[PDB]
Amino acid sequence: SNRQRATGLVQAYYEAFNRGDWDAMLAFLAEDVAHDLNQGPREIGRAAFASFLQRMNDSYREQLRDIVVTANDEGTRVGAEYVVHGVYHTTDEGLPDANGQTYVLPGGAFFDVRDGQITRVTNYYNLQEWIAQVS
């Protein structure tokens, strides 16, 4: 029960991401959601999270394929591993000029699911690899 409700939540979060439906993503998150950026800071709350998504989309556009979701029996901890496919479309800081450069690389994330909502998103990938691909 709880394991299904937890993995379902995370799957819906990722479907929303893959559609570009940021509002729908945000609806799954607690007001004080903790978001650990890869090789970056912890940011608290939906406002920061919305800003993050908007900022990412200003330069990149991605989808997550081959999402494999794992959970505990309590349905309180979820892992997801994925393959991100994307394009670097509009030049970003600390990178060469955008050219439609494509990237494909694995990533993964972990989630706390509490009181019917995602209370933490901790994201990981090999940033050195990503750098190398987008040049």
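Numbers for residues come from their place in the sequence shown, where the first is 1.
Visitor: Decide which of the stretches 39-47 and 71-79 has the higher mean C-alpha B-factor, going by the entry.
Guide: Higher mean C-alpha B-factor: 71-79.
Visitor: Averaging only over Cα atoms, indicate whether 104-112 or 91-99 has the higher B-factor in the PDB entry.
Guide: It is 91-99 that shows the higher mean C-alpha B-factor.
Visitor: Going by the recorded CA B-factors, say which third of the chain residue 27 sits in, lowest, middle or highest.
Guide: Its C-alpha B-factor belongs to the highest third of this chain's values.
Visitor: Using the B-factor values recorded in the entry, state whether the Cα atom of residue 55 falls in the lowest, middle or highest third among the modelled residues of its chain.
Guide: For residue 55, the deposited C-alpha B-factor lands in the highest third.
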